[PDB]
Every structure is written in C-alpha cells, then in structure tokens.
Amino acid sequence: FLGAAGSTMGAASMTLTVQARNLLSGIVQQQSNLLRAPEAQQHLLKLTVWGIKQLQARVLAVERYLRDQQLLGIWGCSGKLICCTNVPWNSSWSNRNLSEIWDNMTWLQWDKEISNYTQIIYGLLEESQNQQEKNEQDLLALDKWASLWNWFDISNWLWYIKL
Amino acid sequence: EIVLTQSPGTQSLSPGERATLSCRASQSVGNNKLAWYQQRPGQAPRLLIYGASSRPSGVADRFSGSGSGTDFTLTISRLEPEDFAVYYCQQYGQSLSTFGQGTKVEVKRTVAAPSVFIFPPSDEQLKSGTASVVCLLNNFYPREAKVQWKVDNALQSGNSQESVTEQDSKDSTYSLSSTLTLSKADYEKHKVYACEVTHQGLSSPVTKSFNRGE
Amino acid sequence: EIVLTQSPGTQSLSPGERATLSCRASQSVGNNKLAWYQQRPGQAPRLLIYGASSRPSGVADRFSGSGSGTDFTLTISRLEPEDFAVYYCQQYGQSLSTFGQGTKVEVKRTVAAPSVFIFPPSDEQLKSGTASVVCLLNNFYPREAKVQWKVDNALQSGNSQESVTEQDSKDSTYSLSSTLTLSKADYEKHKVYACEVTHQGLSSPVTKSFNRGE
Amino acid sequence: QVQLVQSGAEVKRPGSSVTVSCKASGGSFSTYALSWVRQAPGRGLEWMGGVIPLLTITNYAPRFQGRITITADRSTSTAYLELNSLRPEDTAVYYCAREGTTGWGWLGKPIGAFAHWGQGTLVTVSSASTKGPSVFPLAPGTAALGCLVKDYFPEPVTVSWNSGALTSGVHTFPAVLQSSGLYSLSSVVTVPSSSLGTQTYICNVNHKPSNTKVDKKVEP
Amino acid sequence: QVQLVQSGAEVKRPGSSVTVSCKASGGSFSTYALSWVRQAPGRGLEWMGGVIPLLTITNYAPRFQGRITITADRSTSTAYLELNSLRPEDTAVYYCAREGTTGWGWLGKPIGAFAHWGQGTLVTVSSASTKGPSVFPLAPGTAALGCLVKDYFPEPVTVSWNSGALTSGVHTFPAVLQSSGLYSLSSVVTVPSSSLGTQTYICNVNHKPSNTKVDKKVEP
Ligand SMILES: *[C@@H]1O[C@H](CO)[C@@H](O)[C@H](O)[C@H]1NC(C)=O
Ligand SMILES: *[C@@H]1O[C@H](CO)[C@@H](O)[C@H](O)[C@H]1NC(C)=O
Ligand SMILES: *[C@@H]1O[C@H](CO)[C@@H](O)[C@H](O)[C@H]1NC(C)=O
Ligand SMILES: *[C@@H]1O[C@H](CO)[C@@H](O)[C@H](O)[C@H]1NC(C)=O
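Thresholds, definitions, all that
Residues numbered from 1 in each chain as written, not as in the entry; some residues may be left out. Chains lettered and ligands numbered in written order. Part of a larger assembly, values for the part shown. Heavy atoms only, no water. Residues with missing side-chain atoms left out of burial classes, pairs and counts. Core = buried A, V, L, I, M, F, W, Y, C linked by side-chain atoms within 4.5 Å. Buried < 20%, exposed > 50% of the residue type's maximum accessible area, 1.4 Å probe, protein only. Helix = DSSP H or I, 4+ residues; strand = E, 2+ residues; numbered from the N terminus. Contact = heavy atoms within 4.5 Å. Nonpolar A, V, L, I, M, F, W, Y, C, P; charged D, E, K, R; others polar. Polar contact = N/O pair within 3.5 Å; in protein donor to acceptor, adjacent residues only side chain to side chain. Pairing = 2+ DSSP bridges. Salt bridge = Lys/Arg side-chain N within 4 Å of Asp/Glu carboxyl O.

Taking the PDB entry as the reference, chain D is identified by name as 4E10 Fab heavy chain belonging to Homo sapiens. As recorded in the PDB, this entry has the title "Cytoplasmic tail deleted HIV-1 Env bound with three 4E10 Fabs".

The name the PDB entry gives chain A is Transmembrane protein gp41, with HIV whole-genome vector AA1305#18 as the organism.

What follows is about the nonpolar core. If you look at the biggest cluster of nonpolar residues, it comprises 27 residues, and the most contacted ones within it are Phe119(C), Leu136(C), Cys147(E), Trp161(E), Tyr201(E) and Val218(E). Counting residues per element, the ones that place at least two in this core are β10 (134–138) of chain C together with β14 (145–152), β18 (183–189) and β19 (201–205) of chain E. Core analysis: the next-biggest nonpolar cluster, separate from the first, contains 26 residues, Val2(E), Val51(E), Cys96(E) and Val125(E) among them.

Listed by partner, the interface residues are 5 residues for chain D and 5 residues for chain A. Within the side of chain D that touches chain A, the residues separate by chemical class into 3 nonpolar, 1 polar and 1 charged.

All right, on to the side chain of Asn204(E) then. All names here are of chain E. If you trace the backbone, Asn204 turns up in strand β19. In terms of polar contacts, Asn204 uses its side chain to reach the backbone amide nitrogen of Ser163, at 2.8 Å. A distance of 2.5 Å separates the side chain of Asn204 from the side chain of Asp215, its partner in a polar contact. The contacts of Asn204, once residues within four sequence positions are left out, are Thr158, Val159, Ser160, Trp161, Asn162, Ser163, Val214 and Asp215.

All names here are of chain D. Where burial is concerned, the two faces of strand β15 (residues 201–205) differ: the one with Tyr201, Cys203 and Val205 is buried and the one with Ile202 and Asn204 is not. Here strand β12 (residues 159–161) pairs with β15 via 3 bridges, running antiparallel. Bridge pairing in β15 links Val159 to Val205. By the bridge criterion, 4 bridges tie β15 to strand β16 (residues 215–218) in an arrangement that is antiparallel. Of the residues in β16, the one forming a bridge with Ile202 is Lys217.

Now for the arrangement of the chains. Counting contacts across all 5 pairs of chains found in contact, the highest total belongs to chains C and E. You won't find any contact between chain B and chain C; their C-alpha atoms come no closer than 20 Å. The two units chain B and chain E are non-contacting; their minimal C-alpha-C-alpha distance is 18 Å.

Per the stated rule, a full pass over the model turns up 25 salt bridges over all chains. Note that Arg62(B) is salt-bridged to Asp83(B), the shortest N-O span being 2.6 Å. One end of the pair, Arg62(B), is in the loop between β4 (46–50) and β5 (63–68); the other, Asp83(B), is in the loop between β6 (71–76) and β7 (86–91), with 21 residues separating them in the sequence. By relative accessible area, which is 23% here, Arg62(B) ends up partly exposed. Residue classification places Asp83(B) among the buried positions, given a relative accessible area of 2%. Several salt bridges share partner residues, and in doing so they unite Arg38(E), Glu46(E), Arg67(E) and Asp90(E) into one network.

Now for the environment of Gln109(A). Relative to the helices and strands, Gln109(A) resides in helix α5 (residues 107–113). When the C-alpha atoms of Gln109(A) and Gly6(A) are compared, they prove to be 9.5 Å apart, with 103 residues separating the residues in sequence.

Quick look at the structure:
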C-alpha cells in the first residue's frame, strides 16, 4: 500500500504493473476494522458519540468511492483500471517528452505539472466518449435490413471469434 | 449493385500539384467500407487507404483519402514522377462491387505541335502482297487529338487503328502511330496516303506527302 | 537477420575435462530462445539443451546451458565418453531460426604418431588405367594430419581424395588415407612417389620411398 | 511477406473452359479471404468473387455467377479458379489478391482491403497457331524510322535498336488484337537523316513462342 | 509416442523436383510446427522452412522462397516438401525437424526447439548412372592394408573384412566427390604384412544399388 508513491512514474510503472500498488483495495478494504465491530459491543451507555462521527466517516468514504466509479462509467472505462480514450493530447500546453515523463518523474510531480486543465480534461473526455462515439454506435445497428446479409466481412468475424 | 463512378477526367496537373479526384458512386456504400487502389499498367494495383480513412505501414503519407457516404475524396499534395498513373477506389461494403472509372494523372508541359512523319509500306512485306501505311506523330502535347486519313481522297475508319504510347518521362510528350493494312495490287493504284491529323498543335491538317514509288 | 558463430571452432577435450562451448548472436534474441543440439552418425541432431537454461526430458544432467542477454554458453563439467560429437546451437527467436555451425567436442588422448605405409599401385587398377599409389596414416594424434602428395617428390594439386576418419573409439585416435588419381602412362613415366608427411605429433617425418614399379 | 505467385498466362481454343492457379506463400492460405479480380487489357479494374478456405464460403459474381468456380485446397495449399466458355470477351488480366491485416504480419485482425497482391497474368484466348513475322525498315535533319512487327502469333514482342545501345528517345507501341486472327506491333525511334549510312540502325525483336530474333537493317 | 518416418533414399537430377515426406504418428500433430532442416552429411544445419498443420500458417526461409512448397495434410499427417530446381549444392540429408514440447509424450507446452526428429534422407543430385565397382586391395611394427572401392555410383557401398569377424582395427572412411561427380570410399585394417602370409586378410565388397557381392583375399 502506497509502497512506491515516491518513485518516478518509470519506477511507478512498477506500481501499475501491480494493482496500481494496491491502492484501490486499500481504499475499500481499510474499512475492515470499523466493518468488523460497529456491532460487537453489547452495552447500553444510553447515548453514542461515535453514532454520528463513525457514520459520517463511513458514508463519506462510500460516496467518495462511488464518485470515481461513476466517473469511470461516464468515460466508458468502467471496470478497467487502465483504459485509453479517443480524446487526443490536445492543444494542452504541457507538451513535453515521453522519455522524460515515464522515466524520470514521480506521480506527485506529475500532479504538480497538470494541476491546471484537469477539469478541462475531465470535461473533454466524455465528449469523445459520448457525443460522437455513442452517436456512431447508434448509427451502427439502426439501418441494415441487410445485417443478416453480409458477404465480405466474414473474414473479420472468423478472426474475431478466435481472437 | 452500387455502380461506383469516379469522375475527374485526365488529371493533367503539373509535378507538384494537389491531385484531387471526384470519386463518387451510384448510391451509398454500407458502413463507409471503401479501399483506395493506386494502379500502374503491368504492375500490382496497390492499396493506399483501407476503410477510406486509415493507411497501412509502408504506404506513403502523401496519399490521403476523405469523404463518406456515397462519394469519397482522395487528395495527394505532392505529385512525384512515379505516381503519375491511373487511380481507382473500390467498395468492400455491399456484397457486390466494382472498381474506379479511371483518372490519369500525368506530367504537364505546355501545348505543342509535333514533327509529323508517315512510313511508306516496305517492299519486304509488299512482295508478300501485304501493304502497311504507317503514320507517326512525334513529340506532341497533349495526347488527345484526332486522325483522319485520306487514303485515295476518302475517310478511313476500320483498317487504320491507332497505337499511342503513354507520356514518355524523358520528353514529357506523346507518340501516335496509326497503321492501315492493305495489299500490293492496291498499292499499285493508290497515290494519296495523307493522314489529316488535327490537334491544338496541329491546327491545320498537314501532310508529309508521298505516293506509290517512294 | 540473426547470424550465429559458435565459439570456438573445436575443443580437444579428454573424457573428464571441462567443456566450455558457446554460441554468439548479433541482435536481440529475446525470451532466451536458444537451444543446443548434437548429432551422432546414425543419429539425428538431438536436442540436448533447450531454452539455454531449461533442461529437456531424457537428457543427462551434466549438460547445462548458461549465458543470457545476447550471448549464450554451453557448460559440461565432467565429460562422459558419449558426450563427444558435433555440438550445435540454435536460435528460434524469429521467423528465421538458423543453427550454430558446430563446435565439435572430440576426445583427447596422449600423443600418438601415425604409421605411414605408402603403397605401390595395384595391378587390378593399373589394368583399367589408374595408378593406385596410396598413403595411409593409422592412429595419429591430433587431427592435424597434413600429408604431402609428393608427385616426383613434389606436391601437385588434383590427386587427393582427402578422406579422414572420425576419432576411433578403439584407441582414441583418427585415421587418414587417400588414393593417387593420375594417368596410367603418366605413371609409366614418373620418377618418385614418397608421401613425406607433416604432423604436429612429429619430431621428424616418417618416410618410405619408392619409384615406378619399385 | 505475403507472396501470391500466380500461374502463367495461357493460350487455348475458344469455346472451351479454363483453369488458373494462385499459389500463396507466407502468412496463411486459410482464415483470410483470398479473392479474384479482372481488368480488361486497357480498362480500369473489376472485381469478380472470392473464397474463404477454412469454411469454403464462396461469394460469387453479380453477373458471372453460374460460370465461375473457385475452390480452395489447403492440403497442397493452393487456390484455383475455373471459368468457362472461353471467348475474346473473356480476355482480361486476372490478378489473384489476398486481404491484408493490421500490423506487419499475416496473423492479426484483417482490414477488408486487398493489401497484398500477386503478379497477375493476362488471360487471353488464342484464335490461330504460332507465326514468325518479318521485320522491316520503315522509310521516312531528323529521319523517322520503324520496325513493324506485323501480323504474328502470339503476343508479345519487344523492340530494341542496335542491341539496346540506342536507348534514349525510344517510342514503342503496344500489340493489337487486330482483325486478321494475328497480332501486329509498331515501334519507332528518333534519329537524324545525315547518319543513315554512318550508323546502321539495327532493331532487335524478341518473339519467344514463335522463335524469331533477327537483326534487321534500317537503311532507308 | 511421436514417430517421424520418411520415404526411402532418393537419387535425383539437377533442375528436377523431389517430394520428400515426414509421416507423423502419435502426439498432437496439428498444433505443433512441422518443419524441415537440411544438412550436407556431417556438417552444420540451416533451417529449410516449415508450416503449421492446424491453419496452414507458413513461413519459408528467405534463401529458399520460390524454391520450396511445404504442404500439410490432415489425412496422411505428412508434409510433401516439394523442393523445386534441385541442386548438387543443395544435395543434403533432409531430416524433418518437428518442433519439441513437454509432457506427457508429445502433448505439453511446446518449446520452439526441434526435439522430435526423423532419420533424414540424403537427396543425391547427379547426372550419372548406376555402376557397380570391382575391388582394389593395396600392395605394400604393426602395418596396415586395405581394399579400395573406387569408381562406383550411386551411394552406398557396404564392406566387411573376413565377413564381420575381423574387427581388429578396422577403419572405414568418409565419401569423396571426384571431378566428374563420382563416388568412392576406402576401408583399411591395421594388420601387418608379417601376419599376412600366415593368415589371410580377406575383404568383402558389396554394392547395394546393384548387388555385386565380391570377396577378395589380400596377398603378400
Ligand atoms: C527511489 O529513487 C531511486 C532513484 O535514485 C530508485 O533507485 C529507487 O528504487 C526509488 N525507490 C523506490 C522505493 O521506488
Ligand atoms: C527525453 O528526455 C531524456 C531525459 O530524461 C533525454 O535524454 C532525451 O534525449 C529526451 N528525448 C527527446 C526526444 O527530447
Ligand atoms: C533523474 O532522477 C534523479 C533522481 O530521481 C534526479 O536527481 C535527476 O535530476 C533526474 N533528471 C532528470 C533530467 O529529470
Ligand atoms: C495552476 O493553477 C493555479 C491555481 O491555484 C495557479 O496559481 C497556477 O498559476 C496554475 N499554473 C501552473 C502551476 O502552471
């Protein structure tokens, strides 16, 4: 957990050759102590101090661990820890070197690089995920009374069913 | 059936010109499936842009396809002396298919007049009773012209077919050679062998006059 | 292209001596895709080590590969007598999978001298038209046996069917013999035949000398 | 890469049938749609139909259906095409072409386009039998001249002057499927008039199935 | 387990074609690469080429593209290596070099190395005819004598000294190619000439292409 957060993204290419260095399972499974005993107590005590504080911490963790799942849902990336997008690296002005980024730069310094335009990227991504990609997919299966009738696409289908 | 109909004529452009073609069809091809096929005479017709948008590894970047639906578009920015050939596009959409109509791109010099010649029939074939009167249109531009023979003061069409070379890359002009078939006993009669060639450069139909005897 | 040069050329190794064989590649043959082969007469090239660190089934345990990166190395500590044949390597990292040319491990004995008994020609081959002057070298060490086909006590070129045996398991050594192939009436006019040999297990060339018919 | 070594050109009696081969080499004979295309010798190009060897899916022609037969024999790893009713309007070049794939290989996802191709042979029917022609000095500052390789069988001949020493200014003309049952050809070059008796222009012809390769004078 | 049986020995001509085989029986034949390796007798190896039987995925050696057509069969479980334009510099022993695997016999993880091999076939390319030789013993403290087999065609010739019973230092020799493409061998025994007039050293020469079994005593 967090075991190479100080490494460069090339030595934190090591982090995402493992489970993003165990970050997500540490997000949801560090609940296990307050999951193991909010209920092992059999005591009256007539009032509760943790009955609001622990509950607020718990539902705070849950809504934070659902906003990110919904944001991966909105960019077609739901399930996939590492996925690619149709949004290009745009006019976004931190254009620099590949062998500088993924060899000698930590994740935190990288966050300091692109601390601006991050909401620009987040607004930008769903645009190419939806506004044309979903509409192109809607163009796919509407008009083809000739979808049963396909003669020169069998080769891709055969390749595709094996690989 | 989708009758694919590309429609520029001869793409007579200079070396270094934007080779833009029309590249349409009768109706819309399904799922935009179109491939782009450069072709040279005697060689392999080669793919340029598969899917009309994406290009394989090895094909030159100056080839560039565009358009969708019924009529697509190909633009080529730089015109090299080896790409001056005939271009087609072909659908891989609906189960039946047909190729492009044919657009020739060439080396563009200015318009010109030839050095006209006509060959008398040789005695080596005249002794076998087989005459052959052969005209010649040397170093003229453009290729498109018309040839009207005057074999004994009359138009000929059916025996004097035309064999015309493509643009020879050295001189950037063309060469025509019309050939009429005849025999020896008719060669003893016919005095007039004068192909009245008409062109931009051959405005008036000239002759290189000869008769039976030389 | 992946080029392979098996190093060294050969290794004159006694049974029990350390076997340092290696095979050298040029480019990156990834995933350690190098093997080791051995052919015996009557047998095929047999896979003794695959993967250059892994071990096949049925092979002996003293066979072991080593080396990684770009260059690789075959290792045997103590040589059993069945471990003495030609030894190849093979890369199969790509489409083209060429072999090592072969570093033959041969047995090494102590110093042994040949027995040069040069032969006058045989009449059963004289009657057909070939002079069978034969030089024969039995049980020499090492393989460096350079016989001189001394026609009139002088080395010519074109009368040597160079056939040298494998290292025989009787007494750990080779053998070499070949026949003179000249003309019959030419041998009727020669002067001298004496194969004054050259070997590295010599202190002096052992020589027998004769003439035509003597 | 993918090599499609098509079998050679053929001559045959008209009204009969025809078979051609296309031996692939490299990639995969199966699991990718080998197909077949036409082009009349001078026209654009034309697709006919194909085959998929793993499942023998035959996707035939809109017009030539019933007269075309495509097979796929992976056990000797070839692909044959059988057309019928040979005729002067079956005369076209027949290129054998395979669908390509993404990436530099022959195993990944296919593209749907005829990427890798074959050398192609002109499938032209024969009327007559072989014939060696005669070659002539076609008489005209600049003297024109030709060597008329006229009324022969079969195509093609080539023309090179002075054993190819004269190399520039050449102007050949293609062979004709003419109206005599034979084939004619023309070829000119550009020489001056004053070098008639000094440099003797000697064209060289190459008619390989009729076996006539003569040196021929041009001294008009 | 895995068996690799080929055809018999073949004698061939330059420019011709040979159809050698490798019948596989036992183990997963279709999944594993069925390849070929030639070798001139007792020399180094270079990979001839090979296909897969499952999809007929092929790849030829770039020094043999256009010279080899490697089939694959799911009925006979063979590979008909039809090498075109046979050369006397491609005279070689054709082991069928099936790739290797783990197991369990021949059904585990394949390794990419050639573990399972055939005995090979020496394709002899020469334009001579079958000729049976005579014997050539050699007239002269342990000496040596032998019987030469010169001027024979084609390979092989089998020899025995005193009909297999005298092996006291027998020495057979490798082949040689003479100036007319001619085969020969030699075989000597390290016995002296002192024990030669007391006990006879008889050599037995055979030519299995023509079955001319000759015996020969060697004299002082
Ligand atoms: C810290 O950075 C150094 C680079 O100098 C690297 O060698 C080391 O592995 C890094 N440590 C971790 C835990 O990634
Ligand atoms: C990328 O950055 C590295 C330093 O981290 C440098 O060595 C390399 O030359 C750079 N490459 C380019 C293309 O600028
Ligand atoms: C590379 O990393 C080391 C330590 O991680 C640092 O000292 C050095 O300045 C870095 N160089 C570049 C060009 O980023
Ligand atoms: C990023 O945004 C911050 C806002 O807090 C701004 O101060 C800064 O100038 C921006 N640009 C950078 C760090 O390049």
